[PDB]
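Letter by letter, the chains look like this.
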Amino acid sequence: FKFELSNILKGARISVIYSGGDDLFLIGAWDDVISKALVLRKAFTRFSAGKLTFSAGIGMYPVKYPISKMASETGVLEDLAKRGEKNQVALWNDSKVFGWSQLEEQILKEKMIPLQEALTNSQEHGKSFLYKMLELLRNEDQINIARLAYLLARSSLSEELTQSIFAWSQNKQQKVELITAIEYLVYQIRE
Amino acid sequence: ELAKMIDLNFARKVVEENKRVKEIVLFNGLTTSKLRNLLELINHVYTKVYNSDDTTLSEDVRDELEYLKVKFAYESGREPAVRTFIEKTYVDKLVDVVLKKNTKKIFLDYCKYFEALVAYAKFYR
Amino acid sequence: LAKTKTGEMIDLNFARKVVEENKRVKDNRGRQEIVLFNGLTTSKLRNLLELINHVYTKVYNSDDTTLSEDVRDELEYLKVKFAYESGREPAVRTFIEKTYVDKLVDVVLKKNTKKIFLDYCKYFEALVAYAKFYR
Amino acid sequence: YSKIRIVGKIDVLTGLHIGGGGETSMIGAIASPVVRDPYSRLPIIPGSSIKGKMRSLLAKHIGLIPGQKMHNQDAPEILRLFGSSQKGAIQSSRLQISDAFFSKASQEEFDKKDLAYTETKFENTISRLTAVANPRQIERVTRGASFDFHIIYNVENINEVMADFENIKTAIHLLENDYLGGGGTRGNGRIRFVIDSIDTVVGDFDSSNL
Amino acid sequence: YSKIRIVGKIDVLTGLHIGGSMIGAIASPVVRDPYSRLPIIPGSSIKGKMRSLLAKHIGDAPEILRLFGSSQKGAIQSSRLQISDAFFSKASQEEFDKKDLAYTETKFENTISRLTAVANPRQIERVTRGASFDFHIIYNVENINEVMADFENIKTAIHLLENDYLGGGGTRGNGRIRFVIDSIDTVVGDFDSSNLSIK
Amino acid sequence: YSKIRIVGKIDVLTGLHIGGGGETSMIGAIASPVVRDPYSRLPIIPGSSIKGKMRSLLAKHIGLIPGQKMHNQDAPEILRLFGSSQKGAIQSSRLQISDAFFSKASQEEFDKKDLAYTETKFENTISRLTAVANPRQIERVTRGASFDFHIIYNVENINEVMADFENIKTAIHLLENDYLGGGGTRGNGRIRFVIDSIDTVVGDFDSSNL
Amino acid sequence: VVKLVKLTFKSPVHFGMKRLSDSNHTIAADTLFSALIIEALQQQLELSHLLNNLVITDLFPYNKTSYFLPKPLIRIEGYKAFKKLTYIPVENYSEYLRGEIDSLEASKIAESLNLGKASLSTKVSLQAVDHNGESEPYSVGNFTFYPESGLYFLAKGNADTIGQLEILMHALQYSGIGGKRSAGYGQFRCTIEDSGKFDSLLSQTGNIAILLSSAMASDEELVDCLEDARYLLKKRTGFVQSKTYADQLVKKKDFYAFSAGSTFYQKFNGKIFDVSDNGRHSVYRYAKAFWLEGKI
Ligand SMILES: [Mg+2]
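Residues numbered from 1 in each chain as written, not as in the entry; some residues may be left out. Chains lettered and ligands numbered in written order. Part of a larger assembly, values for the part shown. Heavy atoms only, no water.

In the PDB header, cryo-EM is given as the technique by which the entry was determined, and 2.93 Å as its resolution.

Okay, structure coming up:
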């Protein structure tokens with residue numbers, strides 16, 4: 001918790017507010033906070049032979065936002081995450097209660113990276129296309145799925161990525177996973 | 001929930017079955033232009049339906065829907081591919097049940113079904 | 001629009017029923033070719049539809065809700081033309097008498113409304129389109 | 001301290017496209033719907049568009065300080081009239097421009113003639129490279145539309161009321177020439193502030209000579 | 001001691017963004033009831049707007065302090081106007097449930113910068129026009145002699161508020177309201193308030 | 001900050017077709033109708049059409065950079081005259097061409113002559129492999145009708161206003177040599193310009209020279 | 001005579017405990033008694049009945065189904081579930097005293113409380129922009145009760161005291177309770193009625209006694225009532241709310257009182273503590289004890 005955590009977060013813009021006892025309060029850049037939380041989970045699984053689990057909550061707040069509100073809201077996030085069964089990561093809004101494997105692989109690996117590589121490789125589409133996909137996905141009406149298909153027809157995207165996006169949008173869990181991946185990519189690509 | 005089931009999943013699956021690849025040919029060779037003209041008529045009635053706020057279809061939109069059925073029959077007569085599409089997706093039968101119900105909601109789900117047909121028809125190409 | 005005998009109403013589905021009733025398979029030399037209205041083809045139907053088309057365009061451009069006197073004389077000439085064409089060919093005569101169009105033009109003249117003429121034009125559309133469909 | 005209402009009307013001379021959002025486009029329907037107040041489902045001119053256009057035109061006429069990065073750097077007349085938010089030196093806006101709703105008169109003249117309130121103009125985009133069009137549907141507002149613009153002026157400094165109303169007159173003349181809403185560079189937005197009725201709603205200020 | 005209850009409705013003339021998340025979503029959501037999720041009007045917004053308008057018309061003034069409370073040294077006065085939160089009315093709930101109308105709306109706005117002429121999208125949630133809020137006010141009759149005067153002041157404030165805006169970007173045409181004073185009934189004490197009217 | 005207003009006449013040399021969808025067409029009637037002002041129910045030359053045609057003609061006249069995949073990248077004179085949208089280099093639009101409505105003079109001329117302002121043109125596509133024809137009906141505007149076109153130019157760079165109005169005149173000449181609207185390669189869309197008056201509605205600029 | 005007073009809250013309440021940004025879901029008996037004293041002073045009544053003879057409890061949650069009570073502090077023969085548990089319904093109270101409630105039942109009871117939802121409303125102050133400076137944003141924590149829920153309490157006293165309490169509660173409905181009662185919070189409607197289940201519950205003799213109100217005894221009672229008893233000293237403080245106390249607002253003397261639910265083997269009758277310091281009128285603080293006896 002104390003000596004090894006400093007080595008764990010090395011190289012990332014993290015200010016450890018306190019490792020305290022077993023709980024950890026940490027504040028930094030949103031990207032680095034999330035990445036180092038995932039690395040912390042992996043290192044914690046490596047340590048103690050993977051017989052120990054820890055639940056975490058990650059919150060996004062503006063720089064000018066009061067620290068007390070940040071602490072209270074991230075605490076309620078972690079309360080919701082630990083409300084479930086064993087390890088959970090309540091990233092951002094309470095509706096995004098994920099798992100560690102789900103967040104590391106099902107969200108930021110199988111979905112985020114293809115979207116990023118499509119965005120940077122393509123010379124014709126940009127953030128507006130992603131915002132249109134996000135608007136389609138957030139809507140709960142079924143017809144939107146069909147609309148998504150139409151968009152993917154004229155999206156000039158790769159066929160494999162098109163089919164995977166369609167499959168993700170069909171399923172509920174994969175739909176929220178793709179929503180989270182799109183939001184994360186938009187946040188990372190802003191400004 | 002129109003009739004028999006008829007939903008957007010029905011639209012996707014029927015476009016899938018009627019799809020055949022030799023080039024991609026759907027509904028025995030229906031070009032997207034005929035479907036777009038049918039959807040243009042759908043839009044023309046749907047704008048008037050949307051602008052009105054009452055939940056009950058007026059006489060004007062009912063007459064326009066009967067006109068739409070007649071136009072569907074004309075299009076089927078003009079081209080065999082449009083006839084096979086209209087028979088496989090039962091669009092005119094949905095027009096009939098929409099007339100029978102006399103409710104704006106049924107027309108709205110009918111329009112959603114038609115738009116889903118168009119979207120999945122373009123997607124599978 | 002109007003009313004025919006036996007209490008039957010005039011509508012587009014009535015046009016469908018009329019075209020279906022006058023449809024006979026009439027196989028000849030082992031070939032199944034469809035005949036409508038006892039020998040009526042689609043060329044005469046298109047000629048009649050164009051005759052309707054001219055007056056329809058004239059009434060559609062105008063913003064007046066009441067049929068103009070010029071359009072009234074258009075409709076009188078339409079009646080004369082319909083009678084002449086029906087006299088010319090027996091098939092056209094059966095078509096005209098079975099679809100009751102010659103009475104319908106009188107009804108739209110009596111109503112003296114643009115909307116009623118538009119409904120009659122839609123009825124003639126239903127006739128021609130449904131004859132094309134059943135063929 | 002008095003409150004003066006400038007209720008009048010706006011005569012659209014061409015189509016008026018003040019776009020909106022929050023609604024997904026049904027396939028083949030309008031790509032860019034006009035903003036509508038949801039309760040009445042009628043196209044409206046939001047007071048924000050009017051106030052922004054008036055302020056921008058008046059600032060252009062008076063003159064912009066070179067390298068102006070914020071709205072609060074405008075000329076002091078503009079800040080005095082339309083409001084400013086500086087650090088510590090905040091000036092309240094004496095102009096409050098409300099949403100202009102579809103008029104009942106125009107509603108009646110559009111219910112007559114069986115005319116829809118908006119017009120789904122059909123547009124395209126011929127590319128410079130391949131010379132291929134790209135269809136678009138824009139929900140403009142028809143020419144007969146009149147909107148009940150409602151403006152409140154608050155008299156704070158009685159000495160500057162006359163000069164402020166001269167500024168308002170200049171800005172509304174500039175708006176009679178300039179468009180309101182989007183697409184104004186391509187025929188949209190032309191209006192004329194023909195109808196007015198200025199009177200003192202609250203207080204004792206003289207509103208006869210304004 | 002007496003307490004006079006003023007009930008009524010706050011009819012919204014232009015979408016009211018009383019103010020108070022994810023990307024591509026409502027950047028500034030209005031306040032909601034925590035359970036019902038219905039948009040509400042914080043009574044603090046009403047009290048602040050009325051106090052501001054009354055102060056501007058009057059001009060620290062004794063009237064403003066005696067109506068809206070003062071904690072200043074020496075002059076400690078209990079506020080006489082207790083303006084409760086205005087909640088969405090049941091009638092407006094039904095009128096919006098019909099025609100499948102959302103209780104609020106998301107106005108899309110922008111801001112053309114004076115330097116680069118670039119725009120900045122902004123999705124402001126506003127309570128949709130025609131929405132009625134059941135406002136509630138209590139007046140504390142600390143002294144019987146200055147009731148009428150204070151009521152006059154209240155009327156002035158309300159009059160001003162009907163020409164001004166409620167919370168939000170009011171100068172850009174938000175939150176214009178109309179008070180419909182359904183009744184003015186005394187709830188505590190024997191004081192008679194039939195002759196006093198807010199409008 | 002002066003606004004210079006151009007008002008002039010667009011007289012149709014030949015039939016004018018400017019299509020618009022969303023209209024139910026009777027069988028055998030006009031398949032592709034012309035755009036109409038919904039209020040007057042009369043043909044109209046939209047400001048968008050005129051602006052797009054003029055910009056296209058001018059950009060073709062001065063030159064097009066190879067691989068021009070967007071309208072923002074173009075000759076900078078066109079960017080100044082009509083506008084631009086490039087990231088970080090937005091240029092305000094100095095020309096706001098509006099809708100050209102049907103004049104009362106030509107409308108009354110047609111009313112006295114007992115003529116309809118539109119016409120139905122019969123055409124057909126003759127597939128030549130089988131010599132099989134497919135007919136169609138296009139709406140056109142009767143020759144001799146007149147529209148009143150009304151542009152407004154904002155004088156932002158006073159030094160180059162002469163060059164900008166010269167460019168506007170050149171674009172008008174280019175629109176003279178070419179068509180406007182639908183297929184003019186087969187004989188539609190011919191127009192004629194008669195410049196009625198150029199003045200300075202708002203401001204203190206001198207419009208005598210222009 | 002014990003009267004059950006149920007308050008249904010029309011608007012969210014503040015109910016601060018140490019600051020403004022927080023929102024407790026109840027108030028102690030001292031807060032309610034101070035509100036009653038303020039009301040009786042405004043209504044020009046006599047404060048003798050409130051002081052000499054009136055015993056009230058804290059405000060306790062109540063749902064559509066069950067009336068809740070504080071969890072007694074008794075030894076447990078998992079532990080975190082009991083620690084998180086705060087309120088026990090009246091039906092499951094005697095079971096809890098006998099220890100028949102296991103960890104799963106305790107957790108289910110804790111989740112069964114549907115009192116309401118606590119939120120934080122951020123507000124602003126514009127009293128500096130007019131003169132010079134900027135707006136000062138603050139935050140007020142509110143707690144909106146679910147529609148069928150409410151906060152109840154019990155009052156015990158003479159018939160005259162009960163009538164005076166009814167009048168004071170009728171005035172309090174519109175005066176408001178909790179903090180920020182003048183800025184839109186704390187409005188409620190009260191109902192006073194005879195209690196049937198509570199009358200049977202309180203007329204029960206047990207080996208132990210449970211506090212139902214924040215109380216504290218004097219020197220003589222505290223020398224005997226501290227025998228092997230489990231409690232929780234809560235710090236009751238705050239500023240004085242009055243007009244005739246000082247030119248500027250003056251804090252009260254710090255007080256410490258046993259929290260509700262504390263278990264004592266010897267019953268003590270509390271006293272009202274004067275926490276005034278250099279003021280024109282004594283600032284009372286309610287510390288009388290409402291006892292409910294139980295068996296463990
Ligand atoms: Mg811990």
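A.B. asks: What should I look at first to understand the overall build of chain A in this one?
C.D. replies: Broken down by element type, chain A carries 9 helices and 5 strands. If you list the helices and strands of chain A from N to C, you get α-β-β-α-β-α-β-β-α-α-α-α-α-α. Relative to the globule expectation of 16 Å for 191 residues, the C-alpha radius of gyration of chain A, 18 Å, shows essentially globular dimensions. Oriented by its inertia axes, the alpha-carbon framework of chain A measures out at about 55 × 35 × 30 Å. (Helix = DSSP H or I, 4+ residues; strand = E, 2+ residues; numbered from the N terminus. Rg over C-alpha atoms; globule rule 2.2 N^0.38 Å.)

A.B. asks: I keep staring at unusual backbone geometry and nothing clicks. Help me out?
C.D. replies: Where the residue is not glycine, phi is negative for most of them; where a peptide bond is considered, it is trans in most cases. We note that A:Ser156 has phi near 60°; this positive angle belongs to a residue other than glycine. In this fold, A:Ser156 is placed in the loop between helix 7 (143-153) and helix 8 (159-170). Accessibility expressed as a relative area gives 52% for A:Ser156, which makes it exposed. Unlike most non-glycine residues, E:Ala117 shows phi in positive territory, near 55°. Mapping E:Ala117 onto the fold places it in the loop between strand 3 (104-109) and strand 4 (122-127). The exposure class of E:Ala117 is partly exposed, given its relative accessible area of 31%. (Buried < 20%, exposed > 50% of the residue type's maximum accessible area, 1.4 Å probe, protein only.)

A.B. asks: I tried to follow a positive patch on the surface on my own but got confused; where do I start?
C.D. replies: A cluster of basic residues, A:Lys132, A:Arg154, B:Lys122 and B:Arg125, forms a positive patch at the surface. Mapped onto the elements of the fold, B:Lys122 is located in helix 6 (residues 104-123). By relative accessible area, B:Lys122 is classed as partly exposed at 30%. (Patch = residues over 30% accessible without salt bridge, like charges linked within 9 Å, V, L, I, M, F, W, Y side chains within 5 Å. Areas by Shrake-Rupley, 256 points an atom, 1.4 Å probe, with all protein chains shown as cover. Salt bridge = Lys/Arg side-chain N within 4 Å of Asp/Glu carboxyl O. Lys, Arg positive; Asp, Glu negative; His and termini not counted. Charge placed at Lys NZ, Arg CZ, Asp CG, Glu CD.)

A.B. asks: Looking at this structure, how should I read the coordination of the magnesium ion?
C.D. replies: Ideal geometry at a metal gives 109.5 degrees between four tetrahedral donors and either 90 or 180 degrees between six octahedral ones. Only A:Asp22 (OD) and A:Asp22 (OD) from the protein reach the magnesium ion as donors, at distances of 2.6 Å. Among the secondary structure elements, A:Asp22 is positioned in the loop between strand 1 (14-18) and strand 2 (25-28). (Donors = N, O, S within 2.8 Å, 3.2 Å for Na, K, Ca; no water.)

A.B. asks: Mind showing me how you'd approach the sheet that holds strand 7 (residues 95-97) of chain D here?
C.D. replies: Through backbone hydrogen bonds, the strands of a sheet pair up, either in parallel or in antiparallel fashion. Residues and elements named next belong to chain D. Strand order in this open sheet of 4 strands is 7-12-1-14, and the pairing throughout is antiparallel. The strands lining the two open edges of the sheet, one partner per strand, are strand 7 and strand 14 (199-202). Each strand of the sheet is rotated relative to its neighbour by a mean of 30°, with strand direction disregarded. Sitting on the sheet, helix 4 (residues 161-177) touches strand 7 and strand 12 (151-155), and the angle it makes with strand 12 is about 155°. (Pairing = 2+ DSSP bridges. Axes fitted to C-alpha atoms, helices over the stretch in contact; angles between N-to-C directions. Contact = heavy atoms within 4.5 Å.)

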